[PDB]
């Protein structure tokens, strides 16, 4: 499944204040990284042609959270009074999954799965 609606490469550049760490041609997939000044880091990646998003959170380079979401056809960068966040929503007949990733001012992930 293809991610047909994604932030532009410039929008992601602003959000992560860095170009992608790496690009995989096989499945058009990108990895981005962000850190705070306390040893907390987050790896955000997605594949345009296979339709997924992944994120891993590391504290002092030890993995503490990993999430993988299949069946993404779009994700977006949104803003509220607290700052910018990556937003992704997966809607099925029975289930609604949401993820919300903030890296500024703080690294903060909010996710949910409703029936």
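Residue numbers count along the first chain shown, from 1.
Participant: Which has the higher mean CA temperature factor in the PDB entry, 77-85 or 43-51?
Facilitator: Taking the mean C-alpha B-factor of 43-51 and of 77-85, the larger value falls to 77-85.
Participant: Sorting the chain's modelled residues by C-alpha B-factor, tell me whether residue 13 ends up in the lowest, middle or highest third.
Facilitator: Highest third, going by the recorded CA B-factors of the chain.
Participant: Which third of the chain holds residue 101 when residues are ordered by C-alpha B factor: lowest, middle or highest?
Facilitator: Residue 101: CA B-factor falls in the lowest third of its chain.
Participant: Based on the entry's values, in what third of the chain does the Cα temperature factor of residue 29 lie: lowest, middle or highest?
Facilitator: Its C-alpha B-factor belongs to the lowest third of this chain's values.
Participant: According to the PDB entry, is the CA B factor of residue 3 in the bottom, middle or top third of its chain, that is, lowest, middle or highest?
Facilitator: Ranked within chain, residue 3 CA B lands in the middle tercile.
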